[PDB]
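A.B. asks: Please find entry.cif (mmCIF, C-alpha atoms) on the next line:
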```cif
data_final
#
loop_
_atom_site.label_atom_id
_atom_site.label_comp_id
_atom_site.auth_asym_id
_atom_site.auth_seq_id
_atom_site.Cartn_x
_atom_site.Cartn_y
_atom_site.Cartn_z
CA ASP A 5 -0.21 8.30 36.15
CA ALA A 6 0.04 9.80 32.66
CA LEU A 7 2.85 7.62 31.26
CA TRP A 8 2.43 4.70 33.67
CA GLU A 9 0.90 1.98 31.50
CA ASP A 10 -1.51 -0.24 33.42
CA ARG A 11 -0.32 -3.74 34.16
CA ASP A 12 -2.53 -5.41 36.79
CA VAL A 13 -5.64 -5.13 34.60
CA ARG A 14 -4.33 -4.08 31.17
CA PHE A 15 -1.50 -6.64 31.16
CA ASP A 16 -3.36 -9.23 33.31
CA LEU A 17 -0.57 -10.28 35.64
CA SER A 18 -0.25 -12.96 38.29
CA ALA A 19 1.20 -12.13 41.72
CA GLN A 20 4.85 -12.26 40.64
CA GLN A 21 5.72 -11.45 37.03
CA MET A 22 4.83 -9.21 34.07
CA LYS A 23 3.28 -10.17 30.75
CA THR A 24 5.49 -9.99 27.67
CA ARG A 25 4.27 -8.29 24.50
CA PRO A 26 4.67 -10.01 21.08
CA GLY A 27 8.19 -9.55 19.73
CA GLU A 28 9.52 -8.26 23.07
CA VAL A 29 13.02 -9.59 23.79
CA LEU A 30 14.37 -9.82 27.33
CA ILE A 31 17.98 -9.19 28.39
CA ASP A 32 18.18 -8.67 32.16
CA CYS A 33 16.03 -8.36 35.30
CA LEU A 34 16.76 -7.44 38.93
CA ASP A 35 15.35 -6.38 42.26
CA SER A 36 15.14 -3.92 45.20
CA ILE A 37 14.65 -0.45 43.68
CA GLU A 38 12.88 2.74 44.88
CA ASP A 39 10.49 4.89 42.84
CA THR A 40 9.52 8.48 43.67
CA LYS A 41 7.06 10.95 42.03
CA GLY A 42 4.68 8.35 40.62
CA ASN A 43 1.75 7.23 42.71
CA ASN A 44 3.58 4.45 44.56
CA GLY A 45 5.29 3.38 47.80
CA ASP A 46 9.01 2.69 48.30
CA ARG A 47 10.43 -0.67 47.07
CA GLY A 48 10.24 -3.33 44.37
CA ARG A 49 11.90 -5.28 41.53
CA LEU A 50 13.27 -4.05 38.20
CA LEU A 51 12.85 -5.68 34.78
CA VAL A 52 14.04 -4.46 31.37
CA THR A 53 13.26 -5.43 27.75
CA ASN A 54 13.67 -4.04 24.24
CA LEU A 55 10.39 -2.12 24.48
CA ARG A 56 9.81 -1.42 28.19
CA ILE A 57 11.80 -0.80 31.37
CA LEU A 58 9.75 -2.30 34.12
CA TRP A 59 9.34 -1.97 37.88
CA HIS A 60 7.73 -4.91 39.65
CA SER A 61 6.76 -4.30 43.26
CA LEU A 62 7.31 -6.27 46.44
CA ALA A 63 4.33 -5.64 48.71
CA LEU A 64 1.32 -5.04 46.45
CA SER A 65 2.21 -6.06 42.91
CA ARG A 66 -1.38 -5.34 41.86
CA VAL A 67 -0.07 -1.80 41.59
CA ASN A 68 2.83 -2.02 39.15
CA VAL A 69 3.71 0.78 36.78
CA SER A 70 6.44 1.37 34.19
CA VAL A 71 7.37 3.19 30.99
CA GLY A 72 9.35 2.32 27.87
CA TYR A 73 11.71 3.72 25.24
CA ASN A 74 8.94 5.79 23.61
CA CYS A 75 9.41 8.40 26.37
CA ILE A 76 13.06 8.38 27.54
CA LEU A 77 15.45 11.13 26.48
CA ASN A 78 18.79 10.11 28.00
CA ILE A 79 20.18 8.10 30.90
CA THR A 80 23.01 8.59 33.38
CA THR A 81 25.57 6.73 35.45
CA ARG A 82 27.07 7.78 38.77
CA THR A 83 30.77 6.81 38.43
CA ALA A 84 32.94 3.74 38.86
CA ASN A 85 33.06 3.15 42.63
CA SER A 86 36.49 4.28 43.94
CA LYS A 87 37.00 2.30 47.20
CA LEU A 88 35.38 0.66 50.21
CA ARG A 89 31.65 -0.16 49.74
CA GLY A 90 30.71 2.23 46.95
CA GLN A 91 28.49 1.46 43.97
CA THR A 92 28.06 2.20 40.24
CA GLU A 93 24.29 2.40 40.66
CA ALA A 94 22.47 5.33 39.11
CA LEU A 95 19.22 5.33 37.24
CA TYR A 96 18.25 8.90 36.43
CA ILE A 97 15.38 9.73 34.15
CA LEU A 98 14.82 12.23 31.36
CA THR A 99 11.29 12.33 29.95
CA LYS A 100 11.04 13.20 26.27
CA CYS A 101 7.65 14.87 26.35
CA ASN A 102 6.07 15.69 29.71
CA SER A 103 7.40 17.55 32.74
CA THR A 104 7.49 14.53 35.04
CA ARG A 105 10.82 13.62 36.62
CA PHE A 106 11.83 10.37 38.24
CA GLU A 107 14.64 8.95 40.34
CA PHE A 108 15.25 5.20 40.47
CA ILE A 109 17.31 4.25 43.50
CA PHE A 110 18.23 0.57 43.82
CA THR A 111 17.64 0.09 47.52
CA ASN A 112 19.92 -2.88 48.25
CA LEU A 113 21.81 -4.25 45.24
CA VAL A 114 25.44 -4.75 46.20
CA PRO A 115 27.15 -3.77 42.92
CA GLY A 116 24.07 -1.83 41.76
CA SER A 117 24.09 -3.49 38.27
CA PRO A 118 27.23 -2.12 36.54
CA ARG A 119 26.74 -4.43 33.54
CA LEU A 120 23.04 -3.73 33.00
CA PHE A 121 24.17 -0.16 32.29
CA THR A 122 26.48 -1.57 29.62
CA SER A 123 23.34 -3.02 28.03
CA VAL A 124 20.93 -0.11 28.50
CA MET A 125 23.08 2.25 26.46
CA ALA A 126 22.66 0.09 23.35
CA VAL A 127 18.96 -0.73 23.66
CA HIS A 128 18.02 2.94 23.74
CA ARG A 129 20.50 3.35 20.86
CA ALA A 130 18.61 0.82 18.73
CA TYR A 131 15.42 2.78 19.33
CA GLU A 132 17.57 5.83 18.60
CA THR A 133 19.30 4.62 15.42
CA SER A 134 16.05 3.02 14.08
CA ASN A 149 17.43 5.78 -9.00
CA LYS A 150 14.23 4.44 -7.47
CA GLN A 151 16.17 2.06 -5.23
CA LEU A 152 14.56 2.18 -1.81
CA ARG A 153 16.23 3.44 1.30
CA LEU A 154 15.79 -0.02 2.79
CA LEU A 155 15.36 -0.65 6.51
CA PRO A 156 17.10 -3.70 7.98
CA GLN A 157 14.78 -6.72 8.36
CA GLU A 158 12.80 -5.36 5.39
CA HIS A 159 12.63 -6.51 1.78
CA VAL A 160 11.01 -5.40 -1.46
CA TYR A 161 8.21 -7.65 -2.70
CA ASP A 162 6.70 -5.73 -5.65
CA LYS A 163 7.87 -3.22 -8.26
CA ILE A 164 5.17 -1.12 -9.95
CA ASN A 165 5.77 1.63 -12.49
CA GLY A 166 3.17 4.15 -13.60
CA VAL A 167 0.88 5.02 -10.68
CA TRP A 168 -1.04 8.28 -10.21
CA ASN A 169 -1.11 8.98 -6.47
CA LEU A 170 -3.62 11.84 -6.19
CA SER A 171 -2.72 14.17 -3.34
CA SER A 172 -4.77 17.05 -1.96
CA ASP A 173 -2.63 19.37 -4.09
CA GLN A 174 -2.59 17.33 -7.33
CA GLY A 175 -1.59 13.99 -8.79
CA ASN A 176 1.29 13.12 -11.12
CA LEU A 177 3.31 10.31 -12.68
CA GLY A 178 4.75 7.96 -10.12
CA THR A 179 6.30 4.61 -9.27
CA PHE A 180 5.13 2.36 -6.45
CA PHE A 181 6.89 -0.25 -4.32
CA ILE A 182 5.50 -2.80 -1.86
CA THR A 183 7.77 -3.73 1.03
CA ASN A 184 7.55 -5.52 4.34
CA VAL A 185 7.15 -2.44 6.55
CA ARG A 186 7.65 0.96 4.92
CA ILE A 187 5.13 1.16 2.07
CA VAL A 188 6.52 3.99 -0.04
CA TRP A 189 5.68 5.75 -3.30
CA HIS A 190 8.07 7.53 -5.66
CA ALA A 191 7.15 10.22 -8.17
CA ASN A 192 9.42 10.88 -11.14
CA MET A 193 8.11 14.36 -11.86
CA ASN A 194 11.12 16.69 -11.60
CA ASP A 195 11.54 16.69 -7.80
CA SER A 196 12.02 13.11 -6.40
CA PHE A 197 9.19 13.20 -3.87
CA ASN A 198 9.33 11.40 -0.56
CA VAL A 199 5.94 9.98 0.42
CA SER A 200 6.14 6.99 2.75
CA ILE A 201 3.80 5.26 5.18
CA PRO A 202 4.60 2.31 7.45
CA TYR A 203 2.37 -0.72 7.49
CA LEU A 204 1.77 -0.41 11.24
CA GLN A 205 0.09 2.95 10.77
CA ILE A 206 -2.24 1.28 8.26
CA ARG A 207 -5.41 0.06 9.98
CA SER A 208 -7.81 -0.83 7.15
CA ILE A 209 -8.00 -0.62 3.36
CA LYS A 210 -10.81 -0.03 0.86
CA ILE A 211 -10.93 -0.21 -2.92
CA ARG A 212 -12.36 2.68 -4.93
CA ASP A 213 -13.03 1.43 -8.44
CA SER A 214 -15.46 4.19 -9.44
CA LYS A 215 -14.33 7.03 -7.17
CA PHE A 216 -11.20 8.53 -8.78
CA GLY A 217 -10.70 5.66 -11.19
CA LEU A 218 -9.69 2.21 -9.89
CA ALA A 219 -7.94 3.21 -6.70
CA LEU A 220 -7.33 2.17 -3.10
CA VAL A 221 -7.69 4.40 -0.05
CA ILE A 222 -5.78 4.10 3.22
CA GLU A 223 -7.44 4.29 6.64
CA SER A 224 -4.82 5.51 9.12
CA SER A 225 -5.51 5.37 12.85
CA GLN A 226 -3.06 7.84 14.40
CA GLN A 227 -2.61 10.12 11.38
CA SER A 228 -6.40 10.21 10.75
CA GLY A 229 -5.89 10.91 7.06
CA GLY A 230 -6.43 9.25 3.72
CA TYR A 231 -3.84 8.53 1.04
CA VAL A 232 -4.96 7.31 -2.38
CA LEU A 233 -3.19 5.90 -5.43
CA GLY A 234 -4.16 5.56 -9.08
CA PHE A 235 -4.40 2.66 -11.50
CA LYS A 236 -6.91 3.72 -14.22
CA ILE A 237 -3.95 5.11 -16.16
CA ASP A 238 -3.06 1.82 -17.89
CA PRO A 239 -4.40 -1.72 -18.23
CA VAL A 240 -2.59 -2.69 -15.09
CA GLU A 241 -3.63 -6.22 -13.84
CA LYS A 242 -1.96 -5.36 -10.52
CA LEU A 243 -4.75 -3.94 -8.35
CA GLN A 244 -5.92 -7.42 -7.41
CA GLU A 245 -2.26 -8.25 -6.85
CA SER A 246 -2.07 -5.26 -4.50
CA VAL A 247 -4.94 -5.85 -2.08
CA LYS A 248 -3.87 -9.42 -1.32
CA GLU A 249 -0.29 -8.51 -0.34
CA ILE A 250 -1.21 -5.52 1.81
CA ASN A 251 -4.13 -7.08 3.66
CA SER A 252 -2.01 -10.13 4.52
CA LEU A 253 1.24 -8.46 5.54
#
```
For the file at hand, write its structure as structure tokens.

C.D. replies:
Amino acid sequence: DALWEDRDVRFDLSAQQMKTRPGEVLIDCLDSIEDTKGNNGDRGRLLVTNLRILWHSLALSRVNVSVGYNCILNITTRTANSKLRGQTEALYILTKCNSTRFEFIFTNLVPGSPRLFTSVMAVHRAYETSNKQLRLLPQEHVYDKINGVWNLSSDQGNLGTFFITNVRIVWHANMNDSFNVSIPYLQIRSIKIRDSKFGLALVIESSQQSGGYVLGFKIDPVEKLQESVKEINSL
């Protein structure tokens, strides 16, 4: 139960269906599959999304466990069924990180979902495929252009150029090497201003990374630090 996310209590389900996360898009959903090497029984439903691939039970759906695209390495098919009551059904499981293996056997689907496999190749693929002009992500735009910022690293600080985007909040330095320093907004948890410490700066409280990245704005009369904290606390 190390990559089974909890659903009965942590997703607060009824007796029949899952609970959808914000921004989670559904494509297909089916039934009558077997799980092995979890902590479960023998039969239940099967749901899929753009962030999780979900097994709903049949008997006791107050035990219902799944995993998503954050942990899957690659996926397999069996073959196209040659003749006389075969199937195309194969769900075989490659964990990215841990040594747990799984086999998903649809117990009684009659064509075994040959067209759901035509979908599931692309939805893993989207999670696969993910001078100062930004390497811009799709569904992302630039909302501020700031020249002359002294980001002060643990090594040293230098002349730089800052951008404020929708998601990937990056910083460029034009000091002889074209640095890449980029954080996403979802890794940002909280923000504080440091006017006195290190000269009119902001510090970044990261949850997962557990580190702090600063910038620098005492280098010019800038009138943009109060512009900054509004955009980044909102978005």

A.B. asks: Please identify all polymer residues within 12 Å of residue 124 in chain A, counting all atoms listed in the file, omitting same-chain residues fewer than 4 positions from it, and present them as an mmCIF file with C-alpha atoms, keeping the file's coordinate frame.

C.D. replies:
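Final output, part_27.cif:
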```cif
data_model
loop_
_atom_site.group_PDB
_atom_site.id
_atom_site.type_symbol
_atom_site.label_atom_id
_atom_site.label_comp_id
_atom_site.auth_asym_id
_atom_site.auth_seq_id
_atom_site.Cartn_x
_atom_site.Cartn_y
_atom_site.Cartn_z
ATOM 1 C CA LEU A 30 14.370 -9.820 27.330
ATOM 2 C CA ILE A 31 17.980 -9.190 28.390
ATOM 3 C CA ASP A 32 18.180 -8.670 32.160
ATOM 4 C CA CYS A 33 16.030 -8.360 35.300
ATOM 5 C CA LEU A 51 12.850 -5.680 34.780
ATOM 6 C CA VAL A 52 14.040 -4.460 31.370
ATOM 7 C CA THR A 53 13.260 -5.430 27.750
ATOM 8 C CA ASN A 54 13.670 -4.040 24.240
ATOM 9 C CA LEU A 55 10.390 -2.120 24.480
ATOM 10 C CA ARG A 56 9.810 -1.420 28.190
ATOM 11 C CA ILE A 57 11.800 -0.800 31.370
ATOM 12 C CA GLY A 72 9.350 2.320 27.870
ATOM 13 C CA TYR A 73 11.710 3.720 25.240
ATOM 14 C CA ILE A 76 13.060 8.380 27.540
ATOM 15 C CA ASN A 78 18.790 10.110 28.000
ATOM 16 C CA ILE A 79 20.180 8.100 30.900
ATOM 17 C CA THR A 80 23.010 8.590 33.380
ATOM 18 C CA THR A 81 25.570 6.730 35.450
ATOM 19 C CA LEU A 95 19.220 5.330 37.240
ATOM 20 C CA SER A 117 24.090 -3.490 38.270
ATOM 21 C CA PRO A 118 27.230 -2.120 36.540
ATOM 22 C CA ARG A 119 26.740 -4.430 33.540
ATOM 23 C CA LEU A 120 23.040 -3.730 33.000
ATOM 24 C CA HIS A 128 18.020 2.940 23.740
ATOM 25 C CA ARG A 129 20.500 3.350 20.860
ATOM 26 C CA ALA A 130 18.610 0.820 18.730
ATOM 27 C CA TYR A 131 15.420 2.780 19.330
#
```

A.B. asks: Tell me, as a PyMOL selection string, which residues lie within 7 Å of range 182-194 of chain A, counting only C-alpha atoms; anything in the same chain fewer than 6 positions away does not count.

C.D. replies: chain A and resi 158-163+176+200-203

A.B. asks: Looking at only C-alpha atoms, which of A:82, A:41, A:150, A:60 is the one that sits closest to residue 106 in chain A?

C.D. replies: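 Comparing A:82, A:41, A:150, A:60 against residue 106 in chain A, the winner is A:41.
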
A.B. asks: With the PyMOL selection byres ((chain A and resi 232) around 9) as the selection, what would be picked from this file? Answer as a ChimeraX atom specification, please.

C.D. replies: /A:168-171,219-222,230-231,233-234

A.B. asks: Just the selected residues (C-alpha atoms), exported as a compact mmCIF listing (two decimals), in the frame of the given file, please.

C.D. replies:
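part.txt, written as the output of this step:
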```
# COMPACT_ATOMS: atom_id res chain seq x y z
CA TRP A 168 -1.04 8.28 -10.21
CA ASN A 169 -1.11 8.98 -6.47
CA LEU A 170 -3.62 11.84 -6.19
CA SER A 171 -2.72 14.17 -3.34
CA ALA A 219 -7.94 3.21 -6.70
CA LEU A 220 -7.33 2.17 -3.10
CA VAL A 221 -7.69 4.40 -0.05
CA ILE A 222 -5.78 4.10 3.22
CA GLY A 230 -6.43 9.25 3.72
CA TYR A 231 -3.84 8.53 1.04
CA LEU A 233 -3.19 5.90 -5.43
CA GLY A 234 -4.16 5.56 -9.08
```

A.B. asks: Expanded to explicit residues, what is the PyMOL selection byres ((chain A and resi 38) around 10) for this file, as a PyMOL selection string?

C.D. replies: chain A and resi 35-37+39-40+44-50+59+61+107-112

A.B. asks: For each of A:43, A:179, A:251, A:74, take the minimum atom-to-atom distance to residue 132 in chain A, counting all atoms listed in the file, then give the residue where this is smallest.

C.D. replies: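 When distances to residue 132 in chain A are compared using all atoms listed in the file, the smallest one comes from A:74.
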
A.B. asks: Enclose the full set of atoms of range 20-25 of chain A listed in the file within a box whose edges lie along x, y and z, apply 4 Å of padding to each of the six sides, and report centre and edge lengths in Å to one decimal as lines of an AutoDock Vina configuration file.

C.D. replies:
```
center_x = 4.5
center_y = -10.3
center_z = 32.6
size_x = 10.4
size_y = 12.0
size_z = 24.1
```

A.B. asks: Taking all atoms listed in the file into account, name the residue in A:252, A:174, A:21, A:165 that is nearest to residue 235 in chain A.

C.D. replies: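 Among the listed residues, the smallest separation from residue 235 in chain A belongs to A:165.
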
A.B. asks: Of the residues A:199, A:42, A:25, A:65, which is the one nearest to residue 12 in chain A, using only C-alpha atoms?

C.D. replies: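 Of A:199, A:42, A:25, A:65, the one nearest residue 12 in chain A is A:65, counting only C-alpha atoms.
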
A.B. asks: What's the separation between CA of residue 167 in chain A and CA of residue 181 in chain A, in Å to one decimal place?

C.D. replies: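 Separation between CA of residue 167 in chain A and CA of residue 181 in chain A: 10.2 Å.
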
A.B. asks: Given the choices A:34, A:177, A:7, A:71, which gets closest to residue 114 in chain A if the distance is worked out from only C-alpha atoms?

C.D. replies: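 So, comparing all the options, the nearest one is A:34.
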
A.B. asks: Please, could N, CA, C and O atoms be added to range 130-168 of chain A and the result written as an mmCIF file, in the coordinates of the input?

C.D. replies:
```
data_model
loop_
_atom_site.group_PDB
_atom_site.id
_atom_site.type_symbol
_atom_site.label_atom_id
_atom_site.label_comp_id
_atom_site.auth_asym_id
_atom_site.auth_seq_id
_atom_site.Cartn_x
_atom_site.Cartn_y
_atom_site.Cartn_z
ATOM 1 N N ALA A 130 19.316 1.463 19.831
ATOM 2 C CA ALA A 130 18.610 0.820 18.730
ATOM 3 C C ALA A 130 17.291 1.525 18.445
ATOM 4 O O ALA A 130 16.930 1.720 17.279
ATOM 5 N N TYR A 131 16.569 1.912 19.493
ATOM 6 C CA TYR A 131 15.420 2.780 19.330
ATOM 7 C C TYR A 131 15.829 4.173 18.868
ATOM 8 O O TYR A 131 15.023 4.868 18.243
ATOM 9 N N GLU A 132 17.059 4.592 19.167
ATOM 10 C CA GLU A 132 17.570 5.830 18.600
ATOM 11 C C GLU A 132 17.887 5.673 17.120
ATOM 12 O O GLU A 132 17.325 6.388 16.282
ATOM 13 N N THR A 133 18.768 4.729 16.775
ATOM 14 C CA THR A 133 19.300 4.620 15.420
ATOM 15 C C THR A 133 18.299 4.048 14.420
ATOM 16 O O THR A 133 18.596 4.059 13.218
ATOM 17 N N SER A 134 17.141 3.573 14.891
ATOM 18 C CA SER A 134 16.050 3.020 14.080
ATOM 19 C C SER A 134 16.516 1.889 13.173
ATOM 20 O O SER A 134 16.618 0.743 13.603
ATOM 21 N N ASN A 149 17.724 4.538 -9.695
ATOM 22 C CA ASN A 149 17.430 5.780 -9.000
ATOM 23 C C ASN A 149 16.320 5.590 -7.988
ATOM 24 O O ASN A 149 16.326 6.193 -6.916
ATOM 25 N N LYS A 150 15.362 4.734 -8.336
ATOM 26 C CA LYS A 150 14.230 4.440 -7.470
ATOM 27 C C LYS A 150 14.517 3.323 -6.488
ATOM 28 O O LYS A 150 13.577 2.713 -5.969
ATOM 29 N N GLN A 151 15.790 3.025 -6.241
ATOM 30 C CA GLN A 151 16.170 2.060 -5.230
ATOM 31 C C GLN A 151 15.813 2.582 -3.846
ATOM 32 O O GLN A 151 16.130 3.722 -3.496
ATOM 33 N N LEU A 152 15.119 1.749 -3.081
ATOM 34 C CA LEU A 152 14.560 2.180 -1.810
ATOM 35 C C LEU A 152 15.643 2.346 -0.764
ATOM 36 O O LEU A 152 16.591 1.559 -0.693
ATOM 37 N N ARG A 153 15.505 3.390 0.047
ATOM 38 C CA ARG A 153 16.230 3.440 1.300
ATOM 39 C C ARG A 153 15.663 2.358 2.215
ATOM 40 O O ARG A 153 14.629 2.549 2.864
ATOM 41 N N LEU A 154 16.342 1.214 2.246
ATOM 42 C CA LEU A 154 15.790 -0.020 2.790
ATOM 43 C C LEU A 154 16.162 -0.177 4.260
ATOM 44 O O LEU A 154 17.346 -0.170 4.611
ATOM 45 N N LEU A 155 15.149 -0.335 5.106
ATOM 46 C CA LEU A 155 15.360 -0.650 6.510
ATOM 47 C C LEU A 155 15.940 -2.060 6.632
ATOM 48 O O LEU A 155 15.693 -2.914 5.777
ATOM 49 N N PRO A 156 16.752 -2.317 7.655
ATOM 50 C CA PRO A 156 17.100 -3.700 7.980
ATOM 51 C C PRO A 156 15.880 -4.479 8.446
ATOM 52 O O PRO A 156 14.942 -3.911 9.009
ATOM 53 N N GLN A 157 15.918 -5.796 8.195
ATOM 54 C CA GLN A 157 14.780 -6.720 8.360
ATOM 55 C C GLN A 157 13.573 -6.273 7.539
ATOM 56 O O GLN A 157 12.432 -6.354 7.997
ATOM 57 N N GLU A 158 13.825 -5.797 6.324
ATOM 58 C CA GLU A 158 12.800 -5.360 5.390
ATOM 59 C C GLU A 158 13.249 -5.715 3.987
ATOM 60 O O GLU A 158 14.436 -5.606 3.665
ATOM 61 N N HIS A 159 12.317 -6.170 3.156
ATOM 62 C CA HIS A 159 12.630 -6.510 1.780
ATOM 63 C C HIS A 159 11.569 -5.937 0.851
ATOM 64 O O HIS A 159 10.484 -5.546 1.283
ATOM 65 N N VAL A 160 11.914 -5.873 -0.428
ATOM 66 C CA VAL A 160 11.010 -5.400 -1.460
ATOM 67 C C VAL A 160 10.314 -6.596 -2.087
ATOM 68 O O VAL A 160 10.968 -7.578 -2.459
ATOM 69 N N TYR A 161 8.991 -6.521 -2.207
ATOM 70 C CA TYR A 161 8.210 -7.650 -2.700
ATOM 71 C C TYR A 161 7.381 -7.332 -3.937
ATOM 72 O O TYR A 161 6.745 -8.241 -4.472
ATOM 73 N N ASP A 162 7.376 -6.084 -4.405
ATOM 74 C CA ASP A 162 6.700 -5.730 -5.650
ATOM 75 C C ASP A 162 7.290 -4.449 -6.208
ATOM 76 O O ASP A 162 7.689 -3.551 -5.461
ATOM 77 N N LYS A 163 7.342 -4.374 -7.538
ATOM 78 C CA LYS A 163 7.870 -3.220 -8.260
ATOM 79 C C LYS A 163 6.827 -2.786 -9.275
ATOM 80 O O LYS A 163 6.540 -3.527 -10.218
ATOM 81 N N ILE A 164 6.265 -1.593 -9.099
ATOM 82 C CA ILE A 164 5.170 -1.120 -9.950
ATOM 83 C C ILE A 164 5.540 0.240 -10.506
ATOM 84 O O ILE A 164 5.774 1.185 -9.744
ATOM 85 N N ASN A 165 5.573 0.349 -11.829
ATOM 86 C CA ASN A 165 5.770 1.630 -12.490
ATOM 87 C C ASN A 165 4.428 2.183 -12.949
ATOM 88 O O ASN A 165 3.472 1.436 -13.170
ATOM 89 N N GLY A 166 4.360 3.506 -13.077
ATOM 90 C CA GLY A 166 3.170 4.150 -13.600
ATOM 91 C C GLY A 166 1.955 4.152 -12.697
ATOM 92 O O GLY A 166 0.976 3.460 -12.981
ATOM 93 N N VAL A 167 2.000 4.907 -11.602
ATOM 94 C CA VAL A 167 0.880 5.020 -10.680
ATOM 95 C C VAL A 167 0.616 6.505 -10.420
ATOM 96 O O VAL A 167 1.553 7.296 -10.272
ATOM 97 N N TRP A 168 -0.657 6.893 -10.428
ATOM 98 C CA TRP A 168 -1.040 8.280 -10.210
ATOM 99 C C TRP A 168 -1.615 8.435 -8.801
ATOM 100 O O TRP A 168 -2.829 8.429 -8.606
#
```
